[PDB]
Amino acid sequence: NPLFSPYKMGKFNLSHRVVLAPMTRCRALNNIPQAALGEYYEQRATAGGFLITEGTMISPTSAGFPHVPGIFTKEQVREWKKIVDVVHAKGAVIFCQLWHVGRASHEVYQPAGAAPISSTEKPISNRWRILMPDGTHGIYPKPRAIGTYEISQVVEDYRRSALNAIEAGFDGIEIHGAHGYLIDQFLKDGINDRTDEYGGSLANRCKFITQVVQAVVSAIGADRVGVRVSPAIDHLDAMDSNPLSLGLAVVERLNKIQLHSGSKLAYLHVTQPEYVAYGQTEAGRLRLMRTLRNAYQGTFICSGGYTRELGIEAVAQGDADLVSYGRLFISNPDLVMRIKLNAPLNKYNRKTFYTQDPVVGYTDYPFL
C-alpha cells in the first residue's frame, strides 16, 4: 500500500501519506482552544503522521464561524501549546492553518459589529449561508473593500500568527488561501474587481497571496509553510474565468519564492471539486490537479472526495505525495489504521460538524 511508504516532507520524516485535512469544528469556545481539541487531535494523531488544524484566526476580524480558535493572543498560544504537546507525544507532526474569512463573516463576528473586510465591497450572494452563533443560518452582509496600506497590516497579522504558532510549538503553519475566503477573494476574478495594484491582471491578483507567503517564509522559514488553494472550487461565489491559469500563476509564484529564498515550502495543498456530481443532469458533466502538480517544484497534497482507493491511486500514479482526508477523519479517529487494514469506515454525521459539544459528534466516534 503506497499510502504507507515513508515520505520526507523537508525535514519532517512522515511514516505514511494519510493527512488530517484542516476542519473547522467550532469546539474552541470563546475563540480559545479548549481541552476537547487536545483530545480530538490526540485521537487522530499517529507516529509520523501529519495533522493540519482547523482554520485558526490571525486577527480579531478573521472569523466567520462560532467558537473557532485564534492564535493572535498570548492566551490563545498558551492553550494551543497544551494541545500541540499532546499531539507531539504521539509522534505526530502538526501544522496550524491560518484562516482569514474576509467577506465570509457577519457583524456578529466582527469587533464593534464593523463590516467584514475583503478585496471588494461585493457580498456573497444569498445562495450561501453563514452559521450564526444561535445555530440559525444568516445572510452574508456587504463587506468593506480594504485599501492598499491595510493589506500590509493583514500580511503582518499572518506573519505574527505564524510566529505565534511556532511559540505554541506547532511544526509549521498552513496558509488557507482556498474556498473563497480572504486570500481567494483576491485571487478570483469573479470576486476581485479592484483597480489598484492588487486587481485586474493575473499577476496583480496573486500579489496578496505572494505577500502573505513571503512574510511567513521570512518569519519562520519556508520548510515550515504549506500553502492551500482551490482554483476550481467556486464556494461562496469564488469563481475564476480560468482556473487553470490562476492555479499556474500561483504555482509559478510559489516556485519563485522557493528559488529566491533558497528554501522549499513544506508543500502545496490543493482541494478539487467532486466531479461525480451533476451526473443526473443534461449538461452537468460536460487534468487540472495534475497540471498544477506537474508545474510545482515540491511536495503536493491533494484533497477533496478522496477515499482509500482514490488515495492509493493518487500516490501510486504520482498525482500527489500526500492525501488529506476531511469528512472520513471526522468519523474515524483511527482513519490511518483503518486505511492500513482496509477496515470499514464509520459514517459521519453532518449535524454535529459545527456544534459545541466537546464529546458528541467530536470525540465519541468509535475506534476499531
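From 1 onward, residues are counted along the sequence shown.
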Sequence continuity check, residue 286 and residue 287 (deposited residues unmodelled): 4 to 9
Taking the deposited Cα B-factors and averaging over 145 to 153 and over 95 to 103, the higher mean is found in 145 to 153
Hey, which bit's got the bigger mean C-alpha B factor in the entry, 242 to 250 or 223 to 231? 242 to 250
Looking only at 76, 201, 255, 185, the Cα with the top B-factor belongs to 201
Going by the deposited entry, which of 175, 276, 71, 163 has the highest CA temperature factor? 276
Third of chain Cα B-factors occupied by residue 127: highest
Taking the values exactly as deposited, rank residue 170 by C-alpha B-factor within its chain and report the matching third: lowest, middle or highest. lowest
By the recorded C-alpha temperature factor, relative to the other modelled residues in its chain, which third is residue 334 in? middle
Taking only the Cα B-factors deposited for this chain, tell me whether residue 316 sits in the lowest, middle or highest third. highest
Entry-reported Cα temperature factor of residue 90, expressed as the chain third it lands in: middle
